[PDB]
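Chemist: my sequence and its experimental structure, below.
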Amino acid sequence: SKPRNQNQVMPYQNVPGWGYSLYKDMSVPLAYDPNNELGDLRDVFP
Amino acid sequence: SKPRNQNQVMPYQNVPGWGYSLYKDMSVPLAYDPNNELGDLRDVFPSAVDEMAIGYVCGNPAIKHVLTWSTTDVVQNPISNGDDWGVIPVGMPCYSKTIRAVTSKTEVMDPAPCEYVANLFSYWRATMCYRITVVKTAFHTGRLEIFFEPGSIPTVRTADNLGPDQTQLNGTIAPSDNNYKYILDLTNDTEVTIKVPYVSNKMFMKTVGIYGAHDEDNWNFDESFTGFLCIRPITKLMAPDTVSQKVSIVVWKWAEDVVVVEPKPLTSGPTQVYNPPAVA
Amino acid sequence: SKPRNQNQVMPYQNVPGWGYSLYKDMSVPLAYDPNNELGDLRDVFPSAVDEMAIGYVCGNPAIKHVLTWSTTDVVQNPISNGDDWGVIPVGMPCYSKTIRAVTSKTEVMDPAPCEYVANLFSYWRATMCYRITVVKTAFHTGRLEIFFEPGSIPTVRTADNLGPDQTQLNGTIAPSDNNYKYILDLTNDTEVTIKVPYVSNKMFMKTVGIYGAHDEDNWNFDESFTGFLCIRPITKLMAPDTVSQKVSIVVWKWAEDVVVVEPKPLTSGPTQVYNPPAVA
Amino acid sequence: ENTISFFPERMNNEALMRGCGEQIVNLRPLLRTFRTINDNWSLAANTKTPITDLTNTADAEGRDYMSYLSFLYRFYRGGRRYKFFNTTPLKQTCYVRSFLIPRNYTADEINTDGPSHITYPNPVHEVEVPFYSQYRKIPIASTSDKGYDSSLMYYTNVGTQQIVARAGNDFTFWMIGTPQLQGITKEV
Amino acid sequence: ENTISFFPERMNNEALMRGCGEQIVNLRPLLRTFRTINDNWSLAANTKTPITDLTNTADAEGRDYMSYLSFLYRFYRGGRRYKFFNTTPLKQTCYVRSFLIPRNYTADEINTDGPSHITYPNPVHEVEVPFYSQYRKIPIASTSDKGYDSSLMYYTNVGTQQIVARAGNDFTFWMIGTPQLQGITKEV
Amino acid sequence: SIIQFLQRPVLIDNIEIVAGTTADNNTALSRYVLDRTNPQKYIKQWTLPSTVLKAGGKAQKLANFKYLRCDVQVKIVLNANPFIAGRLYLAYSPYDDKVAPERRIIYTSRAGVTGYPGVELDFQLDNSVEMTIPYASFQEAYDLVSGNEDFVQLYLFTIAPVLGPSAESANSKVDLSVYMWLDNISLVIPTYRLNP
C-alpha cells in the first residue's frame, strides 16, 4: 500500500562540513568496509 | 534556552517521487482531513472480491470460439476452422488476431479476461481450466478425441498472421494413442472441464502470444505457449435427417493457480483498444 | 490541529550516492515490490559455495607449467626451462608474461585463479599449497631436491620481460643443505603437497607481480614475492632405452589461509583481458 | 459436474521465490501503483485547464491500468492520485497550482478559490484527489453527469509541458467482460 | 595423500586488525559493491538506448568485478544495480528516464510504457534492476537469447554524457577456470 | 505400462595413441593460446547429453517422452602398455559452443582449462577413473523430441606427450574404454513427437 505521509515537514540547512574545526562527525571512505577499525597499538609503540 | 545542535549531519538526496513505479509512500491531498479513510464497501459490490484475487477474474470463464462438426468431418483429422485455430493452442496470451485493413492492415483481437489480463504482463504461469461443451440433440452421436501435445506446432505463415497446419495432425503422424488425452462419448456426457497444469522447461512462460507476429515474427509466438491441444473426430457424427446433419462445440476458458511476473508486456507498441470507428 | 514545529533544524548535505565504492544503502527499483527477496539457491549451484569463501577458489588447484627432466640434466642445477621460470618464484601474483608483438609488443599472461584473483587487489598474504607430481614409468628413477629461499632472486633482464639466472643456482653457490627443503625419491612417491606459509618482514605483500615490469621496472617484481623455490636434480634420472630417456613434472598451485587487502591493483593500466583476435 | 486433470499451489510460490520475490495475487495494489498516462502533455500559459480534457481521452486509450481495467468493470470508488513532472525548457518564475472542480464542470462555471496546492520548479506536483460523491459509487464512464463527484483543475504560470501519471489512493472498482483490443498499425 | 609443511589462522586476522580492519573473506559483498564501467559514455539526444549496447562491450573488457569475475563462472542470478552520473555541460531542461526491456530485445521491438523511473539534474540515476527470468538462472554470456530475462532501457532529453557504474543486488554467480589476461600495449 | 527404466551403462568410444604420434591428440595443452586459429588442440569431444541418448541404444524404450532431468555418470578404463608415459585430464564446459569465445574451455590456457572441474588420468596408474556431471542445465528439464540442446560439451585433453621408448612397437600403445550412463533421472511427459 501507498499511504500518505502524515509525517512532519523536516526543516534543515544546506550547511556542509558543519563543525570541521571541532573534534567530534563524518567523511567519505575509499575502502571496502565502513567498520574499518584497526586496533590498539600492540608492539607498535612500547 | 538555545543549546547547540550536537546532532549529526543528516545526508540525503533531492530525489523526488522516489518509487512511483512501486506500489508502496505519499502525495498531496486537496481536502480537509489527512485521515480521510472511507470504509469497507458495504452494499456497494455484492461479491467476494472482483478485482483482487485475480483467480476470481482470471478464473472467470469465457468463450473463445465455436466449431462445427459435420458427419463428413474426417476421423482423426482436426475439426477444421478454416485457416485459423479446432487446432487449439494452450496458453493464456492472445493468438487469434484478425485485420481491419483499409491498405491500413491494423490487427485486432478478441481476448477473454484470462487473456486480456496477461497482455499486461511479461511472463506468466498458470493452470488452464478449459471447459468444452457440445450443442446437440440426443440423436446426434459420435466419439471425439482431445489430445494434448506440448511444444511447438505445425503452422502455416503469412505476412500478416499465422495459422495451423492440419496435414501434420492426421492420425498417422500424431496418433494420440499414448499422449495425454480424453475421449468424449457424446451419448453419455456433453461437458468436460479440462484442467491443464503448467508444464514447461521454463519456470514461467512468455506473454507476448501473437503481436507484430507473422511469417517473420513467428518464433515469439512459438515461444509464447507451453503446448497445444487438438480436437479430432474419432468416430463420425451419426445424425439422421430427422435432425441437423451437423453439431457444434464451444470452448469455455478460465484459469486456476494463476500467477504473473512483471507488468511490462512484450510488444513494440503500448496497449491500445480498437475503439470501433463509425465505419470501416 | 496545526501546532508548531518545535522540532530541531535538521542539517544535512546534498551528497548523493554516498558510499558507492563501499559495500553497504539504496537504489531505485523498477518492479512491483520493494521486498523483492528471491531465495537461497536450491538446486541452482550444487556446491558448498563457489564465490564467497575464496579459500574455495583461491584454494582451487591449477597448473602453472610442465618441466622436462632428462638424464643429462646436471645435478644441483635448476631444471632448465629456457630463459623463463624450474626456477620457481613463490607468491600469488603473475610473473610469467609473454608477448604478442606485431612491433606492438603487447604482453599477456596465463594466471591461474589463485593469481587471477589477486591481480584485482593491491596487497596480499596467504599460504601457497603447491603440489608437484611427476609423469613417469616405474623404470624412470632418480632423486630430486626442492629448496626454498626467501628474498630476492638472481635474475636476467630484458626491455620487455625478465628471467631467472641459473648460474647463481649451482650447488656451490646455493648448496641447499640446511635451508628448508624436501627430497623426492621418485621410487617411493610421486606427488608432494608443499604447504608454504606466509613469511616476510612485511605483514603483507604487494600484488603487482610483473606488469610494465622489465629490465627497468624490475624492483617492483623483486618486491612482489616473498621468496623463491628451486627444483634441482640431485641424482641423475636413470632410464633405460626400454622407456623414454626423460620424464616431466607438473606444478599444481592453490592457496590456503588466504587474505587480501585492497581492491585497487598496482598497475598503470586497468585490468583487461587479451581477447584473442582473429589472427596474429 | 464432470472434471478431469492431467495431474502446484506451492511450485508456483516456489519458482516464484527463486525467480521472483513478488507474490502478486491482488490487483488493488496495482491500482495504487502509478503509470505514465501521456508523453509530454502541453498546456496553455498563465491559465488553467480541467484535467478531464486530457483524462477522458487517455481513458479511451487504455494506456494505463486505471483505464485498461476500467474497460473491464462498471463501478468504482475512492480517491485518485495524480502526478505532474515538469519538462518545459524555458521560464522566468514558475508557480504551478491545483484546485478542485466537480468532475465534468467547466473552468468557467466553477470557482477558482478553495482547497488548493502549489509548488515551484521542486519541479513536481504530487496530489491525491479524494472521493466526494453523491450516489454511492461511480459508473466508470457515465456520459451523463452534472459533476456528481470531484476532480482536479490545474493552473500554470507559463506555456507548459508536463509528464503525467495517475493511480488510486481507498480506490477500487463490479465485474464485467472485456472488449476487443487493438494491436499494430501495419498500413501499406 | 602426502603432505608436508614448513610450519597463522590468527596472525592473518591479527596483522589484519593492526593493519586493516577489513576482514574480507567473501566476494558476494564485492558484487554488491560498485565500480566504474565507463569514463564519459555518450548518448544520443531526446532518445533512448538499450544499455546492452554498452554493457556487452565493457563485459568483454573485464574492467569491473561483475565482468572480471563473470569471466570466471558460467551461471548467476539476482538483480543488477546500475548508476548514472551526469557530466554533460549544456542543457535547458533535463529529464532522464529508465524503463524495462527484455535483455537483448531491441528498442524498436519493445514498448516504452511500464515500470519506470525519472529524475532531473538531482544529477544521478540510481536504479536496481531485478531478476526476472524463465529457466532458473542465466548463462553469463549465452549468445543465444530472445530476451530470456530483464534489463534496462534508458532515455534522455538531450545529447548526453554520463559516468556509469554497475553491481548486484540477491546477485550471485558456478565455478570455472580463468582465461588469459592482457597487460600493457608497448607498441614500437 | 512399466514401473522402472534403464540405467544400463554403455560404451561410446575407444581411442589409441603411440609415442611420437604428432597430431591433435598430441601437442599436449599448449601453454598459452593467443589466436583463435591455434586453439588448445584437444583430443576428443562429446556433445552431451544427446550423443548418449542417441548412440546408447536407450532411445527406443526411452523415447516417446519430452522433458527430462538427469545427472550423467561416466567412467574411463584402460589396459595400456607400461612403457608409455604421460597423463591426461577430462573436463566439461557447459554451453561452450555458444557463449562468448573467450569464456570457452578452448581459447584459454592449460591452467584455466584444468581450473575447470573433473579428474585426471595417469596413462599407467589411473586404471579406472569415474566422474559424475550433474544437471548443468539452466533449463529446468531437457527436451528429447528436439534433442538439440546439449547443455554441455565434454572435452578430453592431454597433459604431457605420449612418452615412451625411442621408436615404439605395435603393442607399445594406449587404448581407452569409455562408458556413459545416468543417475538422478526423472521422466514425466508422453508425446507422439519423436526425435528423428
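Modeler: Sure thing, it's come through. Residues are numbered from 1 along each chain as shown, chains lettered A, B, ... in the order given.
Chemist: mind checking which residue lies nearest the centre of the chain?
Modeler: Using chain A here. Centroid-nearest residue in chain A: residue A:26, 3.5 Å away (criterion: Cα atoms, centre = their mean).
Chemist: not quite, go with chain F.
Modeler: With distances taken as Cα atoms, centre = their mean, residue F:154 lies nearest the centre of chain F, 3.6 Å away.
Chemist: and it, bridged to which residues?
Modeler: Residues in a beta bridge with residue F:154, per DSSP bridges, are residue F:46, residue F:92.
Chemist: just checking, it touches residue F:50?
Modeler: No - taking Cβ atoms under 8 Å as the definition, residue F:154 is not a contact partner of residue F:50, at 11.3 Å. (C-beta placed from N, C-alpha, C; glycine too.)
Chemist: residues contacting the residue lying farthest from the centre of chain D?
Modeler: Using Cα atoms, centre = their mean, the residue of chain D lying farthest from its centre is residue D:2. It sits 43.4 Å away. Residue D:2 is in contact with B:189, B:191, B:192, B:193, counting by Cβ atoms under 8 Å, 6 or more residues apart in numbering or on different chains.
Chemist: tell me which of these fall in helices.
Modeler: Judged by DSSP state H, the contacts of residue D:2 include no members of helices.
Chemist: in CSV: these, plus distance to residue F:18.
Modeler: Below are these laid out as CSV (distance: Cβ to Cβ, whole Å):
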residue, distance to residue F:18
B:189, 73
B:191, 74
B:192, 69
B:193, 70
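Chemist: name the nearest of those relative to chain C.
Modeler: The shortest approach to chain C among the contacts of residue D:2 belongs to residue B:193, at 31.6 Å (Cβ to the nearest Cβ).
Chemist: which phi and psi does residue D:61 have?
Modeler: phi -90, psi -20 (degrees, to the nearest 10).
Chemist: the closest residue to it other than its chain neighbours bridge partners, please.
Modeler: Excluding the flanking residues, the one nearest residue D:61 by Cβ to Cβ, 6 or more residues apart in numbering or on different chains is residue B:272, at 5.6 Å. Beta bridges link residue B:272 to residue D:182 when assigned by DSSP bridges.
Chemist: now residue B:272: how far from residue D:111?
Modeler: 37 Å (Cβ to Cβ, to the nearest Å).
Chemist: which ones are touching the closest residue in space to residue D:127 that isn't next to it in sequence?
Modeler: In space, residue D:127 comes closest to residue B:28 once its chain neighbours are excluded; the distance is 4.4 Å by Cβ to Cβ, 6+ apart. For residue B:28, the contact set (Cβ under 8 Å, 6+ apart) comprises D:98, D:117, D:125, D:126, D:127, D:128.
Chemist: repeat for residue D:165
Modeler: Contacts of residue D:165 by Cβ under 8 Å, 6+ apart are B:20, D:34, D:35, D:36, D:37, D:82, D:83, D:85.
Chemist: equivalent analysis for residue D:90, please.
Modeler: By Cβ under 8 Å, 6+ apart, the contact set of residue D:90 is residue E:92.
Chemist: where does it land in three-state SS?
Modeler: Secondary structure, DSSP: H, G, I helix; E, B strand; the rest coil: residue D:90 is coil.
Chemist: distance of it relative to chain F?
Modeler: 48 Å (Cβ to the nearest Cβ, to the nearest Å).
Chemist: and chain F, which residues reach chain E?
Modeler: Within reach of chain E by Cβ under 8 Å from any Cβ of the partner chain, chain F has these residues: F:32-34, F:94-95, F:98-100, F:102-103, F:105, F:107-109, F:111-117, F:136-140.
Chemist: need the buried ones from those selected in ChimeraX.
Modeler: In ChimeraX, a selection of the buried entries from those looks like this (16 or more other Cβ atoms under 10 Å in any protein chain shown):
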select /F:32,33,34,94,95,99,100,102,103,105,107,108,109,111,112,113,114,115,116,117,136,137,138,139,140
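Chemist: and chain C, which of the residues of chain F next to chain E reach it?
Modeler: Within the set of the residues of chain F next to chain E, contact with chain C (Cβ under 8 Å from any Cβ) is found for F:32, F:33, F:34, F:102, F:107, F:109, F:111, F:112, F:114, F:115.
Chemist: report the contact partners of the fourth one.
Modeler: It stands for residue F:102. Shown in contact with residue F:102 (Cβ under 8 Å, 6+ apart): C:273, C:275, C:276, E:60, E:71, E:179, F:108.
Chemist: just flag the most distant two among the residues you listed.
Modeler: Largest separation among those by Cβ to Cβ: E:60 and F:108, giving 14.8 Å.
Chemist: for residue F:54, helix, strand, or coil?
Modeler: helix.
Chemist: any chance of the contacts of residue B:28 in JSON lines, plus neighbour count?
Modeler: As requested, these are exported to JSON lines (neighbours: other Cβ atoms under 10 Å in any protein chain shown):
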{"residue": "D:98", "neighbour count": "25"}
{"residue": "D:117", "neighbour count": "17"}
{"residue": "D:125", "neighbour count": "24"}
{"residue": "D:126", "neighbour count": "20"}
{"residue": "D:127", "neighbour count": "20"}
{"residue": "D:128", "neighbour count": "24"}
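Chemist: just the strands in chain D please.
Modeler: Listed in chain order, the strands found in chain D under DSSP state E are D:3-5, D:36-43, D:48-50, D:75-76, D:80-86, D:96-102, D:117-119, D:124-125, D:127-128, D:138-139, D:150-156, D:160-168, D:181-185.
Chemist: circling back: against residue D:9, how distant is the residue nearest to the centre of chain F?
Modeler: Look at residue F:154 and residue D:9: by Cβ to Cβ, they are 39 Å apart.
Chemist: coming back round to it: now do the residue nearest to residue D:127 against residue F:49, distance only.
Modeler: Per Cβ to Cβ, residue B:28 is found 61 Å from residue F:49.
Chemist: what does residue F:165 give?
Modeler: Residue F:165 is 40 Å from residue F:49, by Cβ to Cβ.
Chemist: the more surrounded of those two?
Modeler: Applying other Cβ atoms under 10 Å in any protein chain shown to residue F:165 and residue F:49 shows that residue F:49 carries more neighbours, namely 27 against 18.
Chemist: give me the neighbour count for the spatially closest residue to residue D:130 that is not a sequence neighbour.
Modeler: Distances taken as Cβ to Cβ, 6+ apart place residue D:79 nearest to residue D:130, at 3.9 Å, with adjacent residues excluded. The number of residues packed near residue D:79 is 21, by other Cβ under 10 Å.
Chemist: quick one: contacts for residue D:79?
Modeler: B:36, D:128, D:129, D:130, D:131, D:168, D:169, D:170, D:171.
Chemist: just give the nearest non-adjacent residue to residue F:137, would you?
Modeler: Using Cβ to Cβ, 6+ apart and skipping the chain neighbours, the partner closest in space to residue F:137 is residue F:151 (4.2 Å).
Chemist: so what's that neighbour up against?
Modeler: F:48, F:49, F:94, F:95, F:136, F:137, F:138, F:139, F:142.
Chemist: circling back to that earlier point, closest one to chain C out of the contacts of residue D:165, please.
Modeler: residue B:20 (9.9 Å).
Chemist: what ranges does chain F have for its helices?
Modeler: Counting by DSSP H, the helices of chain F are F:50-55, F:110-115.
Chemist: tell me how far the last one lies from the chain's centre.
Modeler: The one in question is helix F:110-115. Offset of helix F:110-115 from its chain centre (Cα atoms, centre = their mean, to the nearest Å): 16 Å.
Chemist: which strands or helices does that helix pack on?
Modeler: The helices and strands touching helix F:110-115, judged by 3 or more Cβ pairs under 8 Å, 6 or more residues apart in numbering or on different chains; DSSP states H and E, are strand C:63-70, strand F:87-93.
Chemist: cool, thanks, signing off.
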